[PDB]
Protein chains: 2
Amino acid sequence: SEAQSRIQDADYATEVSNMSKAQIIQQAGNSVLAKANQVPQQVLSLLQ
Amino acid sequence: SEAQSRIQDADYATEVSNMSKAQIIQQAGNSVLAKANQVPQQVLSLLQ
């Protein structure tokens with residue numbers, strides 16, 4: 001059982017760090033996606 | 001009869017020490033079992 005533990009065990013200690021990293025990267029990606037989205041807006045100013 | 005008593009007699013004097021020792025070891029084992037049980041509690045502290 002001790003040997004089986006090592007092979008298949010989540011080790012939440014490292015998993016929580018990955019979770020927080022992924023959440024931060026998701027929020028950053030959404031924000032930078034928004035910033036890229038306002039980029040097309042400036043073209044309308046050139047029309048007039 | 002003396003020879004048989006030599007062969008088959010518990011010799012309570014040494015048996016009482018063994019039984020007291022066994023009780024002490026059992027209580028120590030139960031306490032250390034509880035201490036081991038309390039170990040995985042910090043996983044919540046990690047999670048939140």
# chains A, B, ... in the order shown; residues from 1 in each chain; ligands from 1

call {"tool": "select_by_dssp", "arguments": {"residues": "chain B", "states": "alpha helix (DSSP H)", "output": "PyMOL selection string"}}
result
chain B and resi 2-7+12-37+42-47

call {"tool": "write_last_selection", "arguments": {"atoms": "C-alpha atoms", "output": "PDB file, in the first residue's frame"}}
result
ATOM      1  CA  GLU B   2       8.285 -30.276  41.964  1.00  0.00           C
ATOM      2  CA  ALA B   3       9.725 -31.120  38.536  1.00  0.00           C
ATOM      3  CA  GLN B   4       6.328 -30.668  36.867  1.00  0.00           C
ATOM      4  CA  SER B   5       5.839 -27.354  38.677  1.00  0.00           C
ATOM      5  CA  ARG B   6       9.189 -26.342  37.207  1.00  0.00           C
ATOM      6  CA  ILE B   7       7.940 -27.371  33.756  1.00  0.00           C
ATOM      7  CA  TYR B  12       3.683 -14.718  37.999  1.00  0.00           C
ATOM      8  CA  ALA B  13       6.596 -12.561  39.189  1.00  0.00           C
ATOM      9  CA  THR B  14       7.977 -12.135  35.672  1.00  0.00           C
ATOM     10  CA  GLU B  15       4.518 -12.228  34.075  1.00  0.00           C
ATOM     11  CA  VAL B  16       3.262  -9.149  35.929  1.00  0.00           C
ATOM     12  CA  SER B  17       6.175  -7.098  34.585  1.00  0.00           C
ATOM     13  CA  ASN B  18       5.436  -8.294  31.047  1.00  0.00           C
ATOM     14  CA  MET B  19       1.740  -7.447  31.372  1.00  0.00           C
ATOM     15  CA  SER B  20       2.458  -3.968  32.756  1.00  0.00           C
ATOM     16  CA  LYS B  21       4.972  -3.409  29.949  1.00  0.00           C
ATOM     17  CA  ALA B  22       2.388  -4.515  27.389  1.00  0.00           C
ATOM     18  CA  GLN B  23      -0.170  -2.065  28.787  1.00  0.00           C
ATOM     19  CA  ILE B  24       2.374   0.766  28.658  1.00  0.00           C
ATOM     20  CA  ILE B  25       3.304  -0.070  25.062  1.00  0.00           C
ATOM     21  CA  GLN B  26      -0.368  -0.319  24.076  1.00  0.00           C
ATOM     22  CA  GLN B  27      -1.197   3.106  25.494  1.00  0.00           C
ATOM     23  CA  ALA B  28       1.876   4.607  23.827  1.00  0.00           C
ATOM     24  CA  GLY B  29       0.823   3.032  20.537  1.00  0.00           C
ATOM     25  CA  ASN B  30      -2.696   4.425  20.786  1.00  0.00           C
ATOM     26  CA  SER B  31      -1.406   7.918  21.597  1.00  0.00           C
ATOM     27  CA  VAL B  32       1.071   7.850  18.709  1.00  0.00           C
ATOM     28  CA  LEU B  33      -1.721   6.549  16.456  1.00  0.00           C
ATOM     29  CA  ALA B  34      -3.803   9.597  17.369  1.00  0.00           C
ATOM     30  CA  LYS B  35      -0.821  11.871  16.718  1.00  0.00           C
ATOM     31  CA  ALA B  36      -0.390  10.255  13.296  1.00  0.00           C
ATOM     32  CA  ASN B  37      -4.111  10.689  12.604  1.00  0.00           C
ATOM     33  CA  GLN B  42      -2.956  20.834   7.180  1.00  0.00           C
ATOM     34  CA  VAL B  43      -4.232  19.961   3.700  1.00  0.00           C
ATOM     35  CA  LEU B  44      -7.111  22.410   4.195  1.00  0.00           C
ATOM     36  CA  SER B  45      -4.655  25.124   5.219  1.00  0.00           C
ATOM     37  CA  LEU B  46      -2.892  24.424   1.930  1.00  0.00           C
ATOM     38  CA  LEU B  47      -6.115  24.432  -0.103  1.00  0.00           C
TER      39      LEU B  47
END

call {"tool": "calpha_fit_rmsd", "arguments": {"fixed": "chain B", "moving": "chain A"}}
result
0.4 Å
